[PDB]
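Remarks on the structure that follows.
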Amino acid sequence: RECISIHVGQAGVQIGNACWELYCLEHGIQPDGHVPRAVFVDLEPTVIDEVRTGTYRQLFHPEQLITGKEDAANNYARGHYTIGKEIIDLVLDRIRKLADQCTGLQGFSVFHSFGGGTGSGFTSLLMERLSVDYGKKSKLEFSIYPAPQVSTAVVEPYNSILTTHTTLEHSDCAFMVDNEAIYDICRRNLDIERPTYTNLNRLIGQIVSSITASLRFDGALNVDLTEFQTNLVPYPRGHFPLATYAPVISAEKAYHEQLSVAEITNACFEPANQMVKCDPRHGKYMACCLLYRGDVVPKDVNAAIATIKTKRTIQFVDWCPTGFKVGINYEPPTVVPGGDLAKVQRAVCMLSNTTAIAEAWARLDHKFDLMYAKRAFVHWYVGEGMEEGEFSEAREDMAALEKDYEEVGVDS
Amino acid sequence: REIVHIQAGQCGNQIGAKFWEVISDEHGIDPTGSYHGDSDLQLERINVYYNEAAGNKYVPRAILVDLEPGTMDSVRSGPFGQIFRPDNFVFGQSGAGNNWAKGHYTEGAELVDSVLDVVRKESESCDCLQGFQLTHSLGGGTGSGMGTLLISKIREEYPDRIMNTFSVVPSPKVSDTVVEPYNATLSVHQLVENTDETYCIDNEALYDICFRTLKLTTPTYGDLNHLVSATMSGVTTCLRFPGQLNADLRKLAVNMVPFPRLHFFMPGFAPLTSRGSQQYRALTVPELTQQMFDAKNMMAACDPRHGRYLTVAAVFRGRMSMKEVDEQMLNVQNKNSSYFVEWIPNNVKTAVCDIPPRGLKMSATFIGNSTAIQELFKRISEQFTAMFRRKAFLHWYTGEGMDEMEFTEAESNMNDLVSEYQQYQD
Amino acid sequence: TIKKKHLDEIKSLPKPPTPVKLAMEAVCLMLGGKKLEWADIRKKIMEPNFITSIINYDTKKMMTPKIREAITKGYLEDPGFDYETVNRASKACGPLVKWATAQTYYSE
Ligand SMILES: CC(=O)O[C@H]1C(=O)[C@@]2(C)[C@H]([C@H](OC(=O)c3ccccc3)[C@]3(O)C[C@H](OC(=O)[C@H](O)[C@@H](NC(=O)c4ccccc4)c4ccccc4)C(C)=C1C3(C)C)[C@]1(OC(C)=O)CO[C@@H]1C[C@@H]2O
Ligand SMILES: Nc1nc2c(ncn2[C@@H]2O[C@H](COP(=O)(O)OP(=O)(O)OP(=O)(O)O)[C@@H](O)[C@H]2O)c(=O)[nH]1
Ligand SMILES: Nc1nc2c(ncn2[C@@H]2O[C@H](COP(=O)(O)OP(=O)(O)O)[C@@H](O)[C@H]2O)c(=O)[nH]1
Ligand SMILES: [Mg+2]
């Protein structure tokens, strides 16, 4: 029935801020209503304390939020292993503790950013543990993955590889959304030169709102979380879809906004609005879930997909004869009242595992090696210890990923 | 996380007065003082610097180390002055001694344990310990010498916790001390092993920046000290403040430092406009970027042109777009591909903090790592041998009970330390 | 002598890989570090005497009765103390393993 989310990392937290914030709007549960789904975890106290001080203060229980006075470090090593371990006990107990109460949990949709020490590192084990324990459960992870050029952290590629490597067996399905990639949506589509981190999170807010919130909300098509992986993922890794939102259209400036199903759906496919750098150069599309909310007529949808299928620039992979998963939800996307959002009557979100990510991983992968050969920052990692060890061995594993991704497509 | 300040040496102390001068204001503390604090927020993080004895009284947690009674006394007798807990002062009437040798071995040694006593007491105080800060000059007997020694014990006692250093590296053009090669070389020798993060400031560089960058005709020391205090504040206190993407010291350590040397960085403040006319209000973003990155307005002597960057960290504090900040940097990166250094894919570590330096709108501290500094090091050492070979000053040191080998060793270590830097450079 | 790069690598590490630390304890132990504790080792680790002092070991200085046996005990014998695994630990350590079974064995 229900799923519980966990937000980790500062970034995962700040999304954590957004995801809930959007939620409250939708549900119409004001400041002080019911009680939250999900907990937040950060090694760095200040940020979580932002939650503590900041908006939706009461809404969470202090039980829910997990913190440490202790140092985050921008590295995989402490966060995973060293500093790492101490927190998890509280963390896991929380998740089980929460899990226990609910009836029939589908699974947890964990948020993290690749992305940092607590985002990497700490989380990786957390999911790691989950697989054994929950096991039966479906474990999706929502990740934010390093902007190609942009990445803030110096260390960063070290973190991601390890994170992706470690988690990979564990997660049923992981969504990846690109930070700078989204930015282009901001820049071109809404045209904000300004946009803050809050903005992006809002954007993710909307997209996520479909996946968890709306879907679970009863609707014509009704898609399960479990379906998500089942339909989405061809193969035992771990596979990471991208998440797309058609309606991104700017609030103030332009009002085409009645853009019926055909156009809106059409909007997503173009490389522009991915919220991922991926911009499918080559990329094949294994499979897609399209989840729509708003006023949709399934004929409108059904026709719409059919044309899309044909245009054949799209070029799906052979092995899937067809892989379109329509999901229709009654209730329209809910736009946060003021700030940026268009507030379209109908919206499309569409996720898919595409061959294209293989491009991203390669680039991501490439970053890793450059530092690694010099070996760089690693002394920090080894200190947290960590060993030569994980890095290279992990390195190969994700190297497997690149082959895996490549092999999936490009051959018939 | 909590941080404890160290003031060793007169320079040492002089800066310390200024550092707290700003910091106290930054936190909103009056001399004996309390949190007048314009905003609420400043109150919360304060603990890093201070302890809560009175409730009114938040007294900065840091130690003053100085053989020279005069220097310390002036500081006490000076404005902020009274604020310090008297315990904090660790003093020794004994002759200050220009000698690094005097400070380290002979004179310094006795005091040090006494010094260490308090450091622990502050250390022990409460919550978790981020690490210690240091100011001093390579400098002189108290500035280096003892101070350089002091870190040593610190390194031993709590290895995990981090030390950042500020050293006034000897000003190239005319050295304010005759001895300058001797004290400086040995002292840096200690840091390079000891302190995981070091920051260098140079006086003339300050003059240059102050004098050009600010209209300021008459730089006073209180000025240079003041500007210097500006960077470190961005570094330490700012990140303690909230930020959309906020690093902390360890982030600064981790991201910034490729290799174990701990390396040295050069602070650079984002806003540096004259009083006055210069107030453009072109803070927006890019103007900030231009300012820090530019060759001048680099606190340390060396010029990045020379000049490649192992790492850059900008801790902007102010409310700015993530989009612009992150995006802008890239163009900087692409624009200056030659110097940046290829291997490390994203040179700049970006920190954003919500709240600006209490007066001003938007500023970033710029910190971090470049090959160029190596040029600086050659200077000290180069002086070192010319002095050394002739051994002009030396007798003071050795009479003090110092070793011949010791001199040689220190130079070579830093000397090759220079050599290390080049390797990355190419 | 031996490049510093190796040395700091171990030291800076806030918590070294355990057997490495154990090894360091062992080596320090061969040095006869009285203290169990890290810190005493730590400052010891960087010290001017330290760098050379290890490299040349005066035989006379080392004392047979206690010192010989513990090392001889099959600390080496230990289930994974010894050369092969430790060697994995580092390039640096590797030359040392040879040292352990070396002049010490021959003379005695
Ligand atoms: C009316 C008005 O807006 O006045 C400004 C001002 O005119 C300018 C010129 C200030 C001024 O700074 C200097 O003139 C200066 C003097 C010696 C050394 C260095 C700088 C200012 O004095 C400095 C002061 O800075 C602050 O308030 C920050 O919080 C700063 N504080 C201190 O340095 C400080 C000074 C005295 C006592 C306690 C603290 C700070 C910066 C980083 C981290 C922590 C604190 C500001 C904005 C101004 C005046 C007052 C004129 C500038 O400097 C700073 C550090 O902001 C110089 O270029 C900038 C641009 C500012 O607009
Ligand atoms: N979309 C989005 N991306 C964010 C946000 N905050 C941070 N990021 C991105 O996530 C990465 C930053 O991770 P950090 O904040 O450094 O670290 P962390 O993952 O929270 O964990 P630590 O390293 O231990 O602090 C960068 O690539 C940022 O661009 C946010 O609110 N929204
Ligand atoms: N920026 C700066 N440099 C200083 C100050 N005082 C002394 N110096 C510098 O410190 C060096 C002299 O060392 P000094 O501080 O007298 O040594 P000590 O007092 O014996 O430890 C010279 O290079 C000076 O320019 C100061 O208040 N600010
Ligand atoms: Mg964080």
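A short reminder: the numbers here are calculations on the coordinates, not readings from a lab. Cβ sites come from the backbone with ideal geometry, for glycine too, and all protein chains shown count toward neighbours.
Observations
- Whichever residue in the range A:386-404 is within 10 Å of another protein chain (Cβ to nearest Cβ) and surrounded by fewer than 21 Cβ atoms within 10 Å (Cβ to Cβ) and, among such residues, is nearest to A:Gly84 (Cα to Cα): A:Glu387
- Enumeration of residues in the range B:274-304 that are in a loop (DSSP other than H, G, I, E, B) and either surrounded by 15 or more Cβ atoms within 10 Å (Cβ to Cβ) or within 14 Å of another protein chain (Cβ to nearest Cβ) (or both): B:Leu283, B:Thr284, B:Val285, B:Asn297, B:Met298, B:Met299, B:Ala300, B:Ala301, B:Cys302, B:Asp303
- Residue selected from the range A:121-138 under the condition of a type outside the set (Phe, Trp, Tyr) and closer than 14 Å to A:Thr163 by Cβ, by the criterion surrounded by the most Cβ atoms within 10 Å (Cβ to Cβ): A:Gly121
- Sole exception among (1) part of a helix (DSSP H, G or I); (2) crowded, with 16+ Cβ neighbours inside 10 Å for C:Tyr75, by number: (1)
- Qualifying residue in the range A:64-81 (condition: surrounded by fewer than 14 Cβ atoms within 10 Å (Cβ to Cβ), more than 14 Å from chain B (Cβ to nearest Cβ) and in a loop (DSSP other than H, G, I, E, B)): no
- For the range B:166-176, the tally of residues that are more than 16 Å from ligand 1 (Cβ to nearest atom) and either over 19 Å from B:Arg389 (Cβ atoms) or of a type in the set (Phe, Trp, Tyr) (or both) stands at 7.
- Once the range A:1-58 is narrowed to residues that are more than 12 Å from ligand 4 (Cβ to nearest atom), closer than 22 Å to A:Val91 by Cα and of a type in the set (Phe, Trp, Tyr), the residue that is nearest to the chain's Cα centre (by Cα) is A:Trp20.
- Of the helices (runs of 4 or more DSSP H) lying entirely inside the range A:113-195, those containing at least 3 residues that are facing another protein chain (nearest Cβ under 10 Å) and at negative phi are A:179-184.
- In the range B:2-49, the residues that are on the phi > 0 side of the Ramachandran plot, in a loop (DSSP other than H, G, I, E, B) and away from ligand 1 (no atom under 12 Å from the Cβ): B:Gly33, B:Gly37
- Within the range B:151-174, being within 12 Å of chain C (Cβ to nearest Cβ), of a type outside the set (A, V, I, L, M) and not in a helix (DSSP H, G or I) holds for B:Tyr158, B:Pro159, B:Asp160, B:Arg161.
- Breaking point among (1) assigned to a loop (DSSP other than H, G, I, E, B); (2) closer than 17 Å to A:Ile4 by Cβ; (3) in contact with a strand residue (DSSP E or B) (Cβ under 8 Å, 6 or more places away or on another chain), for A:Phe108: (1)
- Qualifying residue in the range B:282-291 (condition: touching a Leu at 6+ places or on another chain (Cβ under 7 Å), within 16 Å of ligand 1 (Cβ to nearest atom) and not hydroxyl-bearing (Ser, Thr, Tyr)): yes
- Only residues that are surrounded by fewer than 24 Cβ atoms within 10 Å (Cβ to Cβ) and within 15 Å of ligand 4 (Cβ to nearest atom) were counted across the range A:84-120, and they come to 2.
- Some residue of the range B:401-408 being surrounded by fewer than 16 Cβ atoms within 10 Å (Cβ to Cβ), more than 14 Å from every other protein chain (Cβ to nearest Cβ) and not in a helix (DSSP H, G or I): yes
- Residue that is surrounded by the fewest Cβ atoms within 10 Å (Cβ to Cβ) [pool: residues in the range B:305-359 that are at the interface with chain A (Cβ under 10 Å from one of its Cβ atoms) and within 16 Å of ligand 4 (Cβ to nearest atom)]: B:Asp354
- Applying the condition of being in a helix (DSSP H, G or I) and within 14 Å of chain B (Cβ to nearest Cβ) to the range A:196-242 and asking which residue is nearest to A:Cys288 (Cα to Cα) yields A:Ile204.
- All conditions but one from (1) in contact with a helix residue (DSSP H, G or I) (Cβ under 8 Å, 6 or more places away or on another chain); (2) small (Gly, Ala, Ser); (3) within 16 Å of ligand 1 (Cβ to nearest atom) apply to B:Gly368; the one that does not is (3).
- Screening B:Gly143, B:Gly139 for residues that are in contact with a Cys (Cβ under 6 Å, 6 or more places away or on another chain) and in a helix (DSSP H, G or I) leaves exactly one candidate, B:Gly143.
- Pair list, Cβ < 9 Å and 6+ apart or interchain, from the range B:1-13 residues that are within 14 Å of chain A (Cβ to nearest Cβ) to residues that are within 16 Å of ligand 4 (Cβ to nearest atom) and of a type in the set (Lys, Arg): B:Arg1/A:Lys69; B:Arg1/B:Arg240; B:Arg1/B:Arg250; B:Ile3/B:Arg240
- Residue identified as more than 30 Å from A:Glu70 (Cβ to Cβ) and either away from ligand 3 (no atom under 14 Å from the Cβ) or not in a loop (DSSP other than H, G, I, E, B) (or both) among B:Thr177, B:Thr185: B:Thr185
- Candidate set: the range B:205-224, residues that are more than 15 Å from ligand 3 (Cβ to nearest atom) and outside any loop (DSSP other than H, G, I, E, B); chosen: the one farthest from the other protein chains (Cβ to nearest Cβ): B:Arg212
- Residue-level analysis places B:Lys251 among those that are out of contact with any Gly (no Cβ under 7 Å at 6 or more places or on another chain) and either in a helix (DSSP H, G or I) or under 23 Å from A:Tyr158 (Cβ atoms) (or both).
- Output for the range B:85-112, where each listed residue is touching a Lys or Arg at 6+ places or on another chain (Cβ under 9 Å), farther than 22 Å from B:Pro60 by Cα and assigned to a helix (DSSP H, G or I): B:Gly108
- Any hit, the range B:205-222, residues being of a type in the set (S, T, N, Q), surrounded by fewer than 24 Cβ atoms within 10 Å (Cβ to Cβ) and more than 13 Å from ligand 1 (Cβ to nearest atom): no
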